[PDB]
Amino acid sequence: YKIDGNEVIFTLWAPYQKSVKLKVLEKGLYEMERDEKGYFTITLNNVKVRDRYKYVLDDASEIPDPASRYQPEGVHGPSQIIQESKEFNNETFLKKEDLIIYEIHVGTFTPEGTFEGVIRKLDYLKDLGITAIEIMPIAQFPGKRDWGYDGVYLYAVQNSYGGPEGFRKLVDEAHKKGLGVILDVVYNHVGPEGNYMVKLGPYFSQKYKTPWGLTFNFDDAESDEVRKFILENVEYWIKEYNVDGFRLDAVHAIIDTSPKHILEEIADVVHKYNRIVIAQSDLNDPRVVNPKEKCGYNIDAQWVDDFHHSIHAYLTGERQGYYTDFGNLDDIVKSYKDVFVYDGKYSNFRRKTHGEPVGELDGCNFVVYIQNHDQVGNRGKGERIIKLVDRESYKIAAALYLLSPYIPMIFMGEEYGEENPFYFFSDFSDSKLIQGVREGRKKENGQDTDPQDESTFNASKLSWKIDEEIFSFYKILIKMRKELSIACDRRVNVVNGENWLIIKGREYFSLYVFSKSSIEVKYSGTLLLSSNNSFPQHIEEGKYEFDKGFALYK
């Protein structure tokens, strides 16, 4: 819908439909006029915020507005008219070279499980050194318990998180504290419950499908309208909620053979309104991130799993699934200097040559992490890395990524040493999908906890039990990164022995000692931070026997 003067225009694209009627609940039924493209319209003057409505098809069946702005009674309920105050800055104050990102799942972040709960934690975040919070998908999904990827109304803010009013309040309060908010958005697929688009028109591609459902139709018959549906959604989040940027989910599963890729158009919209796009890419292909004059889509940055996988595989000893492609120290050094480990070499996991070198692109085109919702939650027992490595290793892992040239992303709780698992949970009502989720998560991930069980969700809620030694470590790590101008700068010299490595930057050098060993140090410097007490306040060029641990020098 779109509120005009005192009247409001209802627009519904439904080419499969002969005639649709608007059903305002406390008022009457209204016949909609049809144009040749398949668009249904009526201007109504009696409608006010916040009335409920549905659409009634040729079927006589009643469905919610697929472009709904609020879904008060969940996915199968009516839609609701909200206020459309388009207050937005023309500029985000976020500078992407200064980006430290904190990933939040609203539902489990705090006892509240709401936007109000993340608001309460803003000062804490600000004080930690974070510059931006990344919110997992908030587009309305079934029930109350879901990561967000089963979202099924792109324009509707999850009711159980606190809806539109609560999200607007979150972003306003974040700006007041000087924090940015990045929104996780899903344009590659749609959730398996509460989607009614398939009855309206060819929203989905017949060409291929994702592991999580059918993909959107971007390059085939009638795709103009669906391109518009997605592109106006990124416009909507910017103008109606004043969001600072986006994390685009699974861009490798957004397939488009058009002259201009939809991903380039997505980035075009966000840069038109001076915002930021990060992409989750499995492609290891610099085209996602390259400038337009270099045949790229010009996304600001992309997740580099290769960085995480190098660290995890090496420190845990783990080789199951995608970890089989990693495990050596070499991999960490490779990722530290060439970004991708798979830059056009053969992957045993994928059984094909994978990737492409990244060129002279600086570090702030990439985001790295040792933990996130996937690397924790797709484990059958959902164990955080804190459970798989010793204390020393954990701090070594934290130092590696936070002191890297790339944009670092902290996973909620990681910073204070959270020990609670993060499980996969869902809240479907359809018995077939309740059947499929359990058996699928059992088979694919080895998950023994029931995703549909409430306890699986409750067990994933952060404890907020502060380990002060870990927290102080992160706090200083973040501080020193800013102070040492580590951001974006790929000019690093890395040396490695069997059980250790030294990384030297322009203003610092770091010692990463994985086992007691004798190391030749080529640099002088004063101690900034350390995982131990075993490290000297002042070090000079020479040979030293170090115990397991990390040290940072100026």
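Start at 1 with the first residue shown and count on from there.
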| task | Report the stretch with the higher mean CA temperature factor, choosing between 433-441 and 191-199 on the basis of the entry. | result | 433-441
| query | Comparing 83-91 with 244-252, where is the mean C-alpha B-factor higher? | reply | 83-91
| remark: Top Cα B-factor in this entry, restricted to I503, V513, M32, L529, sits on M32
| message | For the CA B factor values reported in this entry, which option in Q140, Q371, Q447, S404 has the top one? | response | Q447
| Position of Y1 among the chain's modelled residues by C-alpha B-factor, lowest, middle or highest third | highest
| note | Of the three thirds of Cα B-factor ranks in this chain, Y273 occupies the middle
| query | Going by the entry, which third of its chain does the Cα temperature factor of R120 land in? | reply | middle
| task | Grab the CA temperature factor for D427 from the record and place it in the lowest, middle or highest third of its chain. | result | highest
| request: Among all modelled residues of this chain, ranked by Cα B factor, put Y314 in the bottom, middle or top third, i.e. lowest, middle or highest. | output: lowest
